[PDB]
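Coordinates in review
Read off the chains here:
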Amino acid sequence: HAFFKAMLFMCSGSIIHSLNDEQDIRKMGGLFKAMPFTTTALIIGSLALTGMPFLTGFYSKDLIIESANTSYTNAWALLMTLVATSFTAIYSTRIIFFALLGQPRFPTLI
Amino acid sequence: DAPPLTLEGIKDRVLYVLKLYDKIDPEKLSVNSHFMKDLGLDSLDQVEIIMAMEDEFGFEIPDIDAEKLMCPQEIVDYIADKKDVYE
Amino acid sequence: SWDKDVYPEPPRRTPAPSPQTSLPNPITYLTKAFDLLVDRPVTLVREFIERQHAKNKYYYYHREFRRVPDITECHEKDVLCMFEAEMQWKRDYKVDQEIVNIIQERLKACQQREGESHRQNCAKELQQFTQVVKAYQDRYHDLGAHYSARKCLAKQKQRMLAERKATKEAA
Amino acid sequence: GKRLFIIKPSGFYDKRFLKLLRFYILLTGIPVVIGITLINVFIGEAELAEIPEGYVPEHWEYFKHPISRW
Amino acid sequence: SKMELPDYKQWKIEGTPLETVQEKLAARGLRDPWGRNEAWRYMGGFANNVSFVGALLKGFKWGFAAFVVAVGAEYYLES
Amino acid sequence: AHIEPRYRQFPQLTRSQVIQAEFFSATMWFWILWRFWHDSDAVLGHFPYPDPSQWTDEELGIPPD
Amino acid sequence: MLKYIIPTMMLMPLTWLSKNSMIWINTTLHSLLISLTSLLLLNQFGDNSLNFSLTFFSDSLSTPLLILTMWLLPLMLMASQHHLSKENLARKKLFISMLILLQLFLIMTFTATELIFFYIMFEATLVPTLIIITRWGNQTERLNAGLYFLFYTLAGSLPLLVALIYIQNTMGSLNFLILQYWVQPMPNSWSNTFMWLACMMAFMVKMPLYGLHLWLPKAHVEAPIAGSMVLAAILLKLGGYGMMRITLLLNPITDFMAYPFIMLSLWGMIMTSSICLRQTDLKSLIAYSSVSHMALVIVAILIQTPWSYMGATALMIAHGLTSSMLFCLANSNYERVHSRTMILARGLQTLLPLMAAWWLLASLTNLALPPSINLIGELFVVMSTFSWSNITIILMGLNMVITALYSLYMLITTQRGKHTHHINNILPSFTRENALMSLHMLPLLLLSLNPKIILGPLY
Amino acid sequence: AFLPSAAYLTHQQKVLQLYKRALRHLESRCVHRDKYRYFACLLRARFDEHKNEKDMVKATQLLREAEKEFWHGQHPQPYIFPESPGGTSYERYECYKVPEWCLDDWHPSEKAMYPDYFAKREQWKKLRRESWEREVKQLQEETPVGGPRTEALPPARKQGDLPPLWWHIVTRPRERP
Amino acid sequence: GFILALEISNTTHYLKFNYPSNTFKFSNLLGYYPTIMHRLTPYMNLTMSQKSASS
Amino acid sequence: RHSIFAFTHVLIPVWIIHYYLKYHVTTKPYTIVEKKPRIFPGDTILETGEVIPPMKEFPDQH
Amino acid sequence: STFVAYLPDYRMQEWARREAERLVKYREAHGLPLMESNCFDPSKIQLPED
Amino acid sequence: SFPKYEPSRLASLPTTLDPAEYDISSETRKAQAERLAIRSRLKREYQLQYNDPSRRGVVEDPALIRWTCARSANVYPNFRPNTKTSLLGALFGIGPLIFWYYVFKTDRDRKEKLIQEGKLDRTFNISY
Amino acid sequence: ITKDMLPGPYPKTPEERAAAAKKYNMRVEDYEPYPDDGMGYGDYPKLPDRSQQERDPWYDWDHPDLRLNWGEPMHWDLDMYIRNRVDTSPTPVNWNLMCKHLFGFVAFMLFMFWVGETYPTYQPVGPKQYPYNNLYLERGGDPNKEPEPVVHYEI
Amino acid sequence: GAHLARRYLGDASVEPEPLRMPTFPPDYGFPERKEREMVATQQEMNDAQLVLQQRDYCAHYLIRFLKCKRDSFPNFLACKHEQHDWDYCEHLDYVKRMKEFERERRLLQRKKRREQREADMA
Ligand SMILES: CCCCCCCCCCCCCCCCCC(=O)OC[C@H](COP(=O)([O-])OCC[N+](C)(C)C)OC(=O)CCCCCCCCCCCCCCCCC
Ligand SMILES: CCCCCCCCCCCCCCCCCC(=O)OC[C@H](COP(=O)([O-])OCC[N+](C)(C)C)OC(=O)CCCCCCCCCCCCCCCCC
Ligand SMILES: *C(=O)CCCCCCCCCCCCC
């Protein structure tokens, strides 16, 4: 988790620095082609965070879920673990949608 | 990062934004044209103008200073004072 | 060097290296570089320093204390004999503390050395630690910050009275 | 172009104090470290030995380092 | 230092979603006077951005081609 | 030199950063396709799962009484 | 102990025969020389104490306190020479003379083998501090502070004199070396109950106990800087030394007569830390922090275990150094802005950066950042109180949280934020103030390398 | 509410402030530009419907119910500008805003690095200390008996003198020091 | 989760306005945990500090 | 003097630390306690020279 | 700091460690228990009669 | 309608929902003018003391000295022992002391009773 | 300074109330002292108990960080109502509703955790089998005794 | 997870408890049943320092895999055959455990049917 979380933070800092210290995703967008390297790194990091197969997160997170399913476990804890996994997917693509896709929303001078 | 500003660039950008307004004929406005009198605009038009200039320059003008910004020259002078240009 | 009987250690058994693959391991090359660049100059410098140390030789000794009578053969309120007995008891208290430290160091060394099979192979060290801790607890515990030989004598007398009563009621 | 003066508090006195502190520490720190190195290399530490029969040591002959014995 | 702004006649709201907002308001009976101000975000290099699936599939063509080449090379190398 | 800022327009791009981004995206997709072509088991399943309802009572030692 | 007493009384002709401009230089130089000389007391043995004569001895408990006193005197000479700049020369020499006399009484107090000689020196220490507070203090209520301090101490200490004379008549000697071997159990009765109260209340007042602490946020506040340093750093530890020496005669009645003061001091530190959270005065905040730490030492002495005693003596030395440094920093702020209000002068890190670093280090040692000796003492006391009972860990954890809270509140209020607009006399830090801060800091940081010389007589 | 030059807020000022707050919060709810444009025009139509109302009690009740409507439908966290109060970079550079009176405590060794700047500083200070008595004499005769009524300051009436109380609002630190 | 949030973003893109629900205000305002705790616990502790201990 | 960082910051501290560990830390007992090496069947001990016997035959299933 | 660093065996700790090593070796060689539960000999102690 | 905003101690009523804000009566206008006059007079005093070129020190604020003297040196002259003060003092002064005393006494009695029967595991406890 | 600018005792007559209101620089109608219950407040004014966060941030305060003016009467708990401490700004949701919603969420989560602890999940498998009497000697049992033999058969 | 519903929503007389299993003799219905065979010696697992939860009935494949891992350095992808063999024998042991659970379930069902018949006559 250290690798892709640190690099997600670094790419978010790059987006913040390029838009004059703006940390709001409501004032972003259209950065898929304007900043291609940070876009590529953000997509790779969100895919590794969500648990895309054969990335870095696949080798730890899926084994955690596989061991949690086939064990003498609290039922409710397993249920909220699965729901939280779905929510991680949801906010990852929320970040990707509101920060890269669409039309620009940042101030006029670029 | 953070390119500098000048009065010429500030005036050009503020006149650009005011020129893209559909309620103002672009061949009539100038740097010292008034809003209520010389252009025939309501107070709501002034509020929307001030919000447009805030969105253009990326910083917020407070209301107690927004009510008194009535011609483009005062907007230029307010932005120049707030951002400390020509140093 | 130290004494290998007070601090025991089993003989080291290392396996032979078997290079199944043809890829050269970097550890052998790094060990060669370490012996060439690091071990040789440090060894030469230590040789020079030891040569300087061998020119003049002087010795320091371990202090020996003869046994004096203990607090059991001291008259009450006799400050000379009680003073000597108290000093002797305090010295033995310090030595007993360091004995418990030695056994604890033995236990920690066994636990680290035996690896994952430490629960089976460190039975003797655990038994020695348990015995020496029981002896230390029965000798010196619950005395307070103002411990003295009289307090320890009173504690031992109370424990002996309890043991005698227990063996009388079980007879 | 366009260099502006940066107003900052007077940093002269703080740097002067730090330089004085470093100089006055090192003025005896360097000779003491050199002397300790020369004591360790050339004089060296003592070697543990059993007491000869009939011989009583002085009270300073029970310590290892030369400086502690001194 | 001195920077030159582009022309202002070129910001026309036609072909953009602002034209759809214009016709919706015209059906209601209203107007947006600031529509030409926002018209830059919908034209030029900022037009026709990719979708989400196209964003995740960036560089899939060259990756797939390299995978096919490498698999064929491994197929030939084992013989 | 550096990048000149643009007003109200798409910003200037270096060819180097576009090449680097495309190369790393292609590397990621090549790696995923390669590891799925080779392993395909850490995602799909390693061993068959036997249903216990199909086991005969003889091999489980069930006495008919 | 005459090799330290005689140079101390020879400091008096040195300050009374110096020039009009060379009194500070001479006194500071020769006091630093005697402070260097004081290291010869570290000839301690694992079984026997260092017994010099019939009247004087020094074991491993009194030695750190002695070294702290003899090191603290030149710090007070360096600190107190700016606000006495315009004073008359004879009054300046009288001030230095009272400091010298106080140091003489303090070094004769920690080495007294007889208990009545310890009492006589321990109450001879009252006069120079009362004179310093009530003469060179700056405020109106310095007289009221002196009255409160004097009468709390004397009302606590007269039954101690009566009880010590009773012990002399009953046992036959007040020599501490004799009483270690001639001690007897003290049974449960009303007579022995009032014996325990009489022998303990003087040091409970001087430490102070919660409820008897009302003289401290007055004497610590209306005093000058040198007075505040010697009150926080040494004078609170006379009570700790007294309870460490006198608990030997009070057994086994301590095990149930110590319950009410254990409850007073366990709950008292929470109350004083909470008071520290809402203080408008910086000096009062430091004084109440001193009350909380001395409550910790009171609990450690009262539960009477080896770990508690080692933690108590280490915490005493560490709190003395830390409180002295904090009072010095607050005094520097007072000299700059001429007010003790904490909210007045803000944002001084933008103006005084190295002083802000000194403030940060003092605050970090106040909240017991490991491996400082503050944390060593506090940790050992926490372990021993956990051995006493388990809910003491709840009380100690709450105290640690509030301690970190008010220390960082001090630091954030004074140093951080936006600076005060209308204050424009913030001069740069002198070399004297920085040297004073470093002479408080560097021994405190160096003692973490060899912490075994401050761990009491049962290390 | 809290105004330097006025004791109250007029009705029109309240309406304009409500209009700006409602449009900002509607922009926060409607993050896309075209959607915000459409709903801003709807809000502008709603505000223009009751523009010509002469009943003061009815206009007051309309304003009160509009404020209730805004409070029911505000964003939980609206968009704040980075330098606006409550922003992410609000009062960030206050640690670097060293006041100008700290230059008088500089050592002469480090004052020699900027000779012309310190010469200009000296002539600025000479001008300030020359103009102070004139400006306080101007301010003394312009304040009515009973104290000033508002916080507005007068300008310089004649030629040569500077406006009263000018030093600490001219020599204030830059936004990015 | 990916499908659900893609549909959520597509519905966000529409030209409709809806008032916020209690679930949205619960999720956006961090579950009301800091707004309650950081206003309640310091209030009680500081009032106990001044009204009870200090005064 | 191009590569003084690999000399002043690595080689000199490596020399000092190796000296300190060889002649002052490994002299005292139980200072560097190292886990004994893992031994498998079929290995050969350096010190004794013995050969550890191989394990039993496998009852093959695959 | 130099004086404190080279203190001659402060409070006999190193001597205690050396003597503990000697005593542990001597007691381990002869099969003796390393420490007994009683500090003083029970033979030279007269318990009160009850 | 809309749910009415109920104010609390830790969440004040907003200034745009206050019914007394929209008051236009002449008494409130006179009050606001008087408050503005007081504020402007105090600001004039402060700025006169603030912009003086010949001043190098602290512009003393009598309000801050008043606040500190009220917080510190007025509490006992303005204290009268009555039912409320004595009740609060007995609740907050001897309440927690008695509670903690009984808690610690019960715990130590239980521990000391368990120790003397040999029911408490003290096998490796030699540090105290 | 003088002794007639410092705070005093509780005012009884309207004359001393007006004098105190003039002393603290506030109008007589807006000046309310604390109630005279003997707590020790004196005649210090009872200001409306609002944090400094509720002040106007765009006003030019004499003290900008504290949002405080020179000469203005200072609140009794100003060191508690600073921007670093307790906030009293209005919330988008009513305080009671946030309290009940948070408490209900925490209680429901605790109840369902208890229910899931009562009825756990598992897999249709038997116990794991280990050789050598369930690893008796490896688990620390002494070898001089002999354990009860744990025998695992095939299936 | 149908057995979860059959035990909780259904009845607990048929579904066996996992915490106490098996509740039947191993000779019940199994004539001349043999034991499992341990290949790895106690000393062989002891000196290879396997984890105590890792010393199950198939540790010989684990020892072979560990030797293959040690001898193939630095080729960390060198041998997956020993890992696959160990994993397959793990799968076989898991199948054995599933067989034991199903056997216990069927025995409990048979006993329930026997008591139901016994109630049907008596
Ligand atoms: C700072 C304020 C608080 C200060 C608190 C000070 C301590 C409180 C208790 C002090 C008691 C007085 C000294 C007792 C010394 C006892 C020595 C001794 O031998 O005791 C055994 C002796 C026993 O008598 P005896 O020893 O002669 O007899 C032989 C022994 N028997 C009895 C067995 C035959 O005790 C006494 O003689 C009486 C002791 C109790 C005295 C009660 C009166 C004083 C009450 C408290 C006053 C506290 C200060 C008040 C003023 C405060 C300021 C305004
Ligand atoms: C003492 C009671 C009174 C207290 C107040 C006293 C005031 C007056 C002051 C008088 C002088 C000072 C007296 C106390 C001196 C204490 C210091 C002392 O002597 O220590 C002896 C100790 C003695 O150590 P030792 O005991 O281990 O040495 C063995 C003994 N000999 C030397 C005989 C073999 O000295 C040291 O520990 C020095 C070790 C080497 C130097 C430090 C190396 C490491 C430094 C840090 C490296 C980086 C780490 C990571 C950092 C990360 C960023 C933060
Ligand atoms: C019986 O159901 C055995 C399986 C374990 C208990 C139920 C687990 C339910 C959650 C996992 C499946 C989720 C499918 C999307």
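Its PDB header attributes the entry to cryo-EM and lists the resolution as 3.16 Å.

As a further point, take the site of ligand 3. The full set of residues close to ligand 3 is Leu-82 of chain A together with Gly-1, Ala-2, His-3 and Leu-4 of chain N. In this structure ligand 3 sits where residues from chains A and N come together. With respect to ligand 3, the backbone of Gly-1 of chain N contributes an N or O atom lying 2.9 Å from an oxygen atom. Taken by itself ligand 3 offers 460 Å² of open surface, and the protein chains cover 47% of this. Broken down by element, the shell around ligand 3 gets its largest block of residues, 3 residues, from helix α1 (residues 2–10) of chain N. Considered class by class, the residues forming the shell around ligand 3 number 3 nonpolar, 2 polar and no charged.

Let us look at the interface of chain G and chain H. Listed by partner, the interface residues are 10 residues for chain G and 8 residues for chain H. Both faces considered, chain G and chain H share a buried interface measuring about 720 Å² in area, 64% of it formed by carbon and sulfur atoms. The largest share of the area that chain G buries against chain H comes from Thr-350, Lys-418 and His-419 of chain G, three residues that together contribute 48% of it.

If you look at the interface, chain L gives 42 residues, while chain M gives 46 residues. Summed over both partners, the interface of chain L with chain M comes to about 3800 Å²; 56% of that surface belongs to carbon and sulfur atoms. For chain L, the biggest contributors to the area lost against chain M are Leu-10, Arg-66 and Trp-67 of chain L; these three give 18% of the whole. Across the contact surface, chain L and chain M share 5 salt bridges. Viewed at the interface, chain M and chain L are joined by 19 residue pairs in polar contact. Elements represented by at least two residues in the side of chain L that touches chain M include exactly α1 (26–50), α2 (62–72) and α3 (83–93) of chain L. Considering every element that reaches the side of chain L that touches chain M, the biggest residue donor is α1 of chain L, with 11 residues. Broken down by class, the residue content of the side of chain L that touches chain M amounts to 20 nonpolar, 7 polar and 15 charged.

Judged by side-chain polarity, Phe-48 of chain C, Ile-25, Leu-26, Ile-30, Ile-34, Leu-38 and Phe-42 of chain D together with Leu-442 of chain G come together as a nonpolar surface patch covering roughly 720 Å² of accessible area. The residue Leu-442 of chain G is located in helix α20 (residues 431–446) in this model. Residue class for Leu-442 of chain G comes out partly exposed when judged on its relative accessible area of 33%.

By nearness alone, 14 residues border ligand 2, and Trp-71 and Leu-446 of chain G together with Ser-1, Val-4 and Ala-5 of chain K come closest of all. Measuring from an oxygen atom of ligand 2, one finds a backbone N or O atom of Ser-1 of chain K at 2.9 Å. With the chains in place, 48% of the 1300 Å² that ligand 2 exposes on its own is no longer accessible. When contributions to the shell around ligand 2 are tallied by element, the ones reaching two or more residues are α3 (62–79) of chain G together with α1 (2–5) of chain K. A breakdown of the residues in the shell around ligand 2 according to their chemical character gives 12 nonpolar, 2 polar and no charged.

With the rule as written, the count across this model stands at 14 cavities of 30 Å³ or more. Considered as a void within the structure, the largest cavity measures approximately 70 Å³ in volume. At the level of elements, α2 (43–57) and α3 (63–66) of chain B together with α1 (11–29) of chain H are the ones that each hand at least two residues to the lining of the largest cavity. For the lining of the largest cavity, a count of residues per class yields 4 nonpolar, 2 polar and 3 charged.

A ring pair, where both rings are aromatic, is described by two values, the distance of the centres and the angle of the planes. By the definition in use, this model includes 88 aromatic pairs over all chains. Summarising the aromatic geometry, the rings of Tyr-7 of chain C and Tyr-30 of chain J are spaced 5.6 Å apart at their centres and angled 85° between planes, so their arrangement reads as edge-to-face. Taken as a pair, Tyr-7 of chain C in the segment before α1 (26–55) and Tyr-30 of chain J in the segment after α1 (5–25) lie in two separate chains rather than in one. In this structure, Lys-82 of chain B is placed above the aromatic ring of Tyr-78 of chain B, and the distance from its NZ or CZ to the ring centre is 4.9 Å. Here the guanidinium or amino end of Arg-29 of chain L rests over the ring plane of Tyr-8 of chain H, the centre of that ring lying 3.8 Å away.

With that out of the way, let us pick up the state of the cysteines. Residues and elements named next belong to chain N. Under the criterion given, the structure shown has 2 disulfides over all chains. The residue that forms a disulfide with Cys-68 is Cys-79, at a sulfur-sulfur distance of 2.0 Å. With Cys-68 in helix α3 (residues 59–71) and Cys-79 in the loop between α3 and α4 (81–121), the pair connects residues that are 11 residues apart, well separated along the chain. Overall, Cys-68 belongs to the buried group, its relative accessible area being 15%.

Further remarks concern the packing of helix α5 (residues 115–124) of chain G against helix α7 (residues 142–171) of chain G. Residues and elements named next belong to chain G. Packing of α5 against α7 brings their axes to within 11 Å, and their N-to-C directions diverge by 165°. Classified by the interaxial angle, the pair formed by α5 and α7 is roughly antiparallel. Relative to α7, α5 is oriented so that their crossing is left-handed. Contact with α5, carried on its side by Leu-115, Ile-116, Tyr-119, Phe-122 and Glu-123, involves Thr-153, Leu-154, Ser-157, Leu-158, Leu-160, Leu-161, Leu-164 and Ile-165 of α7 and no other residues of that element. Here the residues of the contact of α5 with α7 are counted per class, giving 10 nonpolar, 2 polar and 1 charged.

Let us now look at the pattern of salt bridges. Under the criterion given, the structure shown has 100 salt bridges over all chains. With a closest N to O distance of 3.7 Å, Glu-27 of chain H and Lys-27 of chain A form a salt bridge. Here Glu-27 of chain H is found in helix α1, whereas its partner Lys-27 of chain A is found in the loop between α1 (2–18) and α2 (36–50) on a different chain. Between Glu-14 of chain K and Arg-18 of chain K there is a salt bridge, with its nearest N and O atoms 3.3 Å apart. With a gap of 4 residues between them, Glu-14 of chain K and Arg-18 of chain K both fall in helix α2 (residues 13–29), about one helical turn apart. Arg-18 of chain K gets classed as buried once you look at its relative accessible area, which sits at 14%. Connected through salt bridges with shared partners, the residues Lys-27 of chain A, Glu-54, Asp-55 and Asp-63 of chain B, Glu-38 and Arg-41 of chain E together with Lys-20, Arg-24, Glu-27, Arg-33 and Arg-37 of chain H form a single ionic network.

Calculation criteria
Residues numbered from 1 in each chain as written, not as in the entry; some residues may be left out. Chains lettered and ligands numbered in written order. Part of a larger assembly, values for the part shown. Heavy atoms only, no water. Near = heavy atom within 4 Å. Polar contact = N/O pair within 3.5 Å; in protein donor to acceptor, adjacent residues only side chain to side chain. Areas by Shrake-Rupley, 256 points an atom, 1.4 Å probe, with all protein chains shown as cover. Helix = DSSP H or I, 4+ residues; strand = E, 2+ residues; numbered from the N terminus. Nonpolar A, V, L, I, M, F, W, Y, C, P; charged D, E, K, R; others polar. Contact = heavy atoms within 4.5 Å. Buried area = accessible area lost by both parts, 1.4 Å probe. Salt bridge = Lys/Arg side-chain N within 4 Å of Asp/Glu carboxyl O. Patch = residues over 30% accessible without salt bridge, like charges linked within 9 Å, V, L, I, M, F, W, Y side chains within 5 Å. Buried < 20%, exposed > 50% of the residue type's maximum accessible area, 1.4 Å probe, protein only. 1 Å grid on protein atoms, 1.4 Å probe; cavity = no way out; pocket = protein on both sides within 12 Å on 5 of 7 lines; lining within 4 Å. Points joined across faces, edges and corners; volume = space filled by probe spheres on them. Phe/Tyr/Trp six-rings, centres within 6.5 Å; stacked < 30°, edge-to-face > 60°. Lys NZ or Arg CZ within 6 Å of the ring centre and 35° of its normal. Disulfide = S-S within 2.5 Å. Axes fitted to C-alpha atoms, helices over the stretch in contact; angles between N-to-C directions. Parallel < 35°, antiparallel > 145°, perpendicular 65-115°, else oblique. Left-handed = near helix turned anticlockwise from the far one by under 90°.

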